[PDB]
Participant: 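Below you'll find the structure I mean.
Labels below follow one simple rule: chain letters A, B, ... track the order of the sequence lines, proteins then strands, and each chain is numbered from 1.
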Amino acid sequence: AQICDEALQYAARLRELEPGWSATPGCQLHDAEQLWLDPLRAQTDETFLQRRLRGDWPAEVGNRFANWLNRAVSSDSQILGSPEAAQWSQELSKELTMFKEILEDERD
Amino acid sequence: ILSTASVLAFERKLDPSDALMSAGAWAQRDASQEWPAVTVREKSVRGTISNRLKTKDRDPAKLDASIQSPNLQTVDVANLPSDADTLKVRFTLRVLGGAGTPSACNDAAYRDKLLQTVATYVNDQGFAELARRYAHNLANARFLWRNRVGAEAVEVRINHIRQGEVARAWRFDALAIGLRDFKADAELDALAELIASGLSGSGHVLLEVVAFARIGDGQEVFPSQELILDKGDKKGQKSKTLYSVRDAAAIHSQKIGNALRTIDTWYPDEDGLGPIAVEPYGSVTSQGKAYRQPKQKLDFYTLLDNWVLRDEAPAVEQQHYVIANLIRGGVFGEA
Amino acid sequence: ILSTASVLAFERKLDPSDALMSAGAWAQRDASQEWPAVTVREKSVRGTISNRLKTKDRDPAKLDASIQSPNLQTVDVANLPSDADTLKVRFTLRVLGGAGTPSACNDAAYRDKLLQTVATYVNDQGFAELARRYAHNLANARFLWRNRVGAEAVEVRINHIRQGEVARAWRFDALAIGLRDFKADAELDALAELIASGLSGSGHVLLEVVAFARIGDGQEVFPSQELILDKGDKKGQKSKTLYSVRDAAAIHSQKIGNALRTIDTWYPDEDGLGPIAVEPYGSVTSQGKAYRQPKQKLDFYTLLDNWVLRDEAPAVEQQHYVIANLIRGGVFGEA
Amino acid sequence: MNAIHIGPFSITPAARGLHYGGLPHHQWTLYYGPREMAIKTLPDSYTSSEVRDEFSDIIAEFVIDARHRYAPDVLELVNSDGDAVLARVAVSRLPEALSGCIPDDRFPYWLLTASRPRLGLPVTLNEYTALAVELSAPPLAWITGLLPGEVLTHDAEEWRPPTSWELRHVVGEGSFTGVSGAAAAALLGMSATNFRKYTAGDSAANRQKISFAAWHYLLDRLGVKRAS
DNA sequence: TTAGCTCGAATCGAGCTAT
DNA sequence: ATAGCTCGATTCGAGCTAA
């Protein structure tokens, strides 16, 4: 919960940057997560990316952060074989569905 | 005391090349030297949602709203030219020999015992059954994985090369030789003798393998599929890319080698499925299961350990499987 | 008392360059100066569970679950073109001279004694046996490490480049000259005398070595492999990285030097392996063991200490080993 | 002021000072023999204790890096499966019968290295006990990596007496063993003045070189070498 | 605990011997 | 390997100072 709270805070403090930093040129700029990283691009782009962000409602960012957390957890096969990984996956699913519900209503 | 080594790396025999795809017309196979190559092409696809939902996405309003925005993708596709019904797939195969000698080992006593075991096998039962099965998988176009599943006629030609010229040529009908039975044929016997001479170290064996499959005018062929780093947008997702070397659709060499290794008809489960690729723990990706589990003591590692350390020679079929595993190579030997 | 020096750094003779790999066809190798380079490219590999399991991963459910999640990765792969069967590998070799002189030496008396010892060696028997064995490893394509194991015809061309021009040309059949025996041949003797003049310091010699290997059309070639930081995603893992300098597959210069260094046939163990690289403690990376153990009093350091400090000259074979190790160079002396 | 000596380390001040801010300062540099480790500009109002506390952290991280770099290699006793570790022993050297090994079910107990390419042999509990007795590493075996091989050899014809700086690795309060010079002299059955004569600086006329038996018995009794 | 220092006495190495 | 010697240099113990 503290990791997901800090992720939400980090996006909130990126919200104070320039509105159109996501439109800068670059080969790797994380376009999948740039919809969530810069909400303010929809103001300048009335028809380029505002409707895409409204209709798509990107919640795969939660899946990518869950994959990052899976990369950040210890690779213990004893937990994976036992139900400890089951409880860890259940609590991770609860925290990520809460986090996805947070990112769901960002268009209001 | 003869404990097994911590590193037992083996180099692969039966080295296959990348198999290139070109296309043309049937009865022009004798003049198929300058056939145009099959080129990987870009096309745009749009589809509706068809995956299973997890009982929470089954809301009709949400499903209809998802259909209002169908996914847009671009994919790589390989097709024949419209004036061409035959697929030509050509690769080369080197048969090396020296299967039982590891490329890396720790224990010299284990290496000597394993080489003695392999020499005992070769003396008692040479590379004959294995070579017959390899020649069978080479004479039926199993390396044409999805390219012969619905072909009207599949015809493969095997040539033997010494000085850049054909030393002996083989002509086969790949639909007559099925994907199931390892029968006996005089041309197949000669090809098996050549593979045996290659695997025994008697001489150099280089074979070019050209397979012709009459599929249809402008039909879709199926080359090897690569991976995508997925660093683009959601419109041009590039969800599918195909393998090519120089603007020519190709099949990965390891896929051809996997199709050539499909000789294992000795796994404990019922052989109604047919042959499977020779590999430790008999793990086929299609069914996602492992024939020759270590629990039933018929995997490669337990058989090799019993044959070499305890001198418990398995059945001739199981030692054929073990020597085929030595032929395919590997990084056998844990810490 | 004339103790040994703490700092005994040596510089290497027989300096090779990086060996570049190019491709073409046999019987046009006389016009191979414009052959296209072998390019290192990417392909995708899909693998199953083929390594040993530690008695806890051998459960059928866990093994099948590991099957359902195969390891996807990309590998650097170098292949010949489908119309080219010959691999060309070219490097330049420079032989310096002044092997017994260290680059750094703490003790002046030990420096003088070592110089007298090496001068006594050269006066008794010069750099003739060592240069003959180096010329043998030049004549056969031992620097063509895995590209020689299945090549049908290997030919090595060695030129003496005096003023940027071929002052003397050698052409060899690298398969007639095996990897086991150091025989005598007139052209081998001439190249041995040239390398001897290089090692003695009589004149400057620069050797351009070009090797052609008839492997097959589209067959895999094996350049040197690099290190992976192992930080990216598992799907785009880059499990194998090949060495290139400018979009051209290459072999490391120290690998070429190690293959030329394979002249040591005088180690206490038997001649089953054949020659090994002249290293202190006779280390072979593939076998994972040390011939010439320090316990057996036949390594470089004990022989050098007995020869120099206390005038116990070993056998002429061990003298050849010691001088070849001084040619090899290294940071000797107590750190 | 004057140089501060902490075992093998030395904090010598600069001969000329400077003024940082409005206060006088000197640069204090830390040595490990001839190796300069760090320099700090310190106020002239610091005592020796504060100057030592300024470099205590660098000395501590040197000690940690020396313990991790020269830690003795560990042998592991495993069962037939090779997965469960039954006993761990840290050895000064490996058995000469170690070869590349994966445990079988032919023998119940296997002795294996902790290194990733594992070396080993089948072993009984009596043989494992004998090997652990005659190969074990003393608790301060990492200090031997900081000493040359010509002072740690049992060959009397290849042995050289340790210098004062090499003695101060193990003899002082600022050394790696932490025992005093009087305690070290009590361990050897020696007078404290005679043992101080061993660790006397170069600015001294009465200096004695320790003998073979005394040096090796000191290493035994300190837990550095030949103590299992 | 560090860091030394005389002062006579015992020890140390490397020469020789004898049996 | 035993058994023992001489002779000059080095070590050794117990006083002492010096901090």
Participant: Does OP1 or OP2 of F:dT11 have a side-chain N or O of D:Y198 closer than 4.0 Å?
Facilitator: no
Participant: Is the closest side-chain heavy-atom distance between C:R328 and C:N325 below 4.5 Å?
Facilitator: yes
Participant: Quick check: do C:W266 and C:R292 have side-chain heavy atoms less than 4.5 Å from each other?
Facilitator: yes
Participant: Taking OP1 and OP2 of E:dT1, is either one under 4.0 Å from a side-chain nitrogen or oxygen of D:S180?
Facilitator: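 So the side chain of D:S180 is within the cut-off, an N or O lying under 4.0 Å from OP1 or OP2 of E:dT1.
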Participant: For F:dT11, does OP1 or OP2 lie under 4.0 Å from any side-chain N or O of D:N194?
Facilitator: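 Negative; the distance criterion is not met.
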Participant: Would you mind classifying the nucleic acid contact of D:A182 as base, sugar-phosphate or nothing, using non-hydrogen atoms under 4.0 angstrom?
Facilitator: nothing
Participant: Answer whether the closest heavy-atom distance between the side chains of C:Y121 and C:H320 falls below 4.5 Å.
Facilitator: yes
Participant: Calculate the interatomic distance between D:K197 atom NZ and F:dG15 atom P; express it in whole Å.
Facilitator: 14 Å
Participant: How far, in whole Å, is F:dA14 from E:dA3 if one measures between their P atoms?
Facilitator: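 Pairwise P distance, E:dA3 against F:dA14, rounds to 22 Å.
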Participant: Rounded to the Å, how far apart are D:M190 CE and E:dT11 P?
Facilitator: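 My rounded result for the distance is 13 Å.
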Participant: Determine the interatomic distance between P on F:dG15 and the same-named atom on E:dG4; round to the nearest Å.
Facilitator: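 The same atom, P, in both gives a distance of 23 Å.
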Participant: With side chains defined as the heavy atoms from C-beta onward, is the minimum distance between D:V89 and D:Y128 less than 4.5 Å?
Facilitator: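 A side-chain contact exists here, since the closest heavy-atom pair is under 4.5 Å.
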Participant: Please report, rounded to the nearest Å, how far the P atom of F:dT11 is from the CG atom of D:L188.
Facilitator: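 About 15 Å, once rounded to whole Å.
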Participant: Just so I know, are the side chains of B:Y110 and B:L309 near enough to count as touching, which here means a heavy-atom distance under 4.5 Å?
Facilitator: yes
Participant: For DNA chain F, please output the secondary structure as dot-bracket, reading 5' to 3'. Pairs are Watson-Crick or G-U wobble, both atom distances under 3.5 Å; mark crossing pairs with [ ], other-strand partners with |, unpaired with a dot.
Facilitator: .|||.|||...||||.||.
Participant: Side chains of D:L111 and D:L131, heavy atoms from C-beta outward: is any pair under 4.5 Å?
Facilitator: yes
Participant: If only side-chain N and O atoms of D:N206 are considered, is one of them under 4.0 Å from the OP1 or OP2 phosphate oxygen of E:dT6?
Facilitator: yes
Participant: Assuming nearest nucleotide by heavy-atom distance, tell me which of D:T193 and D:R207 is located more 5' along DNA chain F.
Facilitator: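 Of the two residues, D:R207 wins.
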Participant: Send over the distance from D:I210 CD1 to F:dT10 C1', rounded to a whole Å.
Facilitator: 14 Å
Participant: To the nearest angstrom, how far is D:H5 atom NE2 from F:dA19 atom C1'?
Facilitator: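 Taking NE2 of D:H5 and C1' of F:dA19, I get 14 Å after rounding.
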Participant: Please find the pair of heavy atoms, one from D:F195 and one from D:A185, that lie closest to each other, and give the distance.
Facilitator: CB-CB, 3.7 Å
Participant: Figure out the CD/P separation between D:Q208 and E:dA3, and round it to whole Å.
Facilitator: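 Between P of E:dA3 and CD of D:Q208: 16 Å.
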Participant: Please state how far atom CG in D:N2 lies from atom P in E:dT2, giving the value in whole angstrom units.
Facilitator: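 Going from D:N2 (CG) to E:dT2 (P), I get 17 Å.
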Participant: With sugar-phosphate meaning primed atoms plus P, OP1 and OP2, does D:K209 contact a base, only sugar-phosphate, or nothing at under 4.0 Å between heavy atoms?
Facilitator: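 If one applies the 4.0 Å heavy-atom cut-off, D:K209 turns out to touch the sugar-phosphate alone, with no base involved.
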Participant: Ring centres of D:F55 and D:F9 under 6.0 Å apart?
Facilitator: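 No, ring centres 6.0 Å or more apart.
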Participant: Would you call the sugar of F:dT17 north or south from its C1'-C2'-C3'-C4' torsion?
Facilitator: south
Participant: Mind calculating the distance between CD (D:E173) and P (E:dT1) to the nearest angstrom?
Facilitator: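 My rounded result for the distance is 6 Å.
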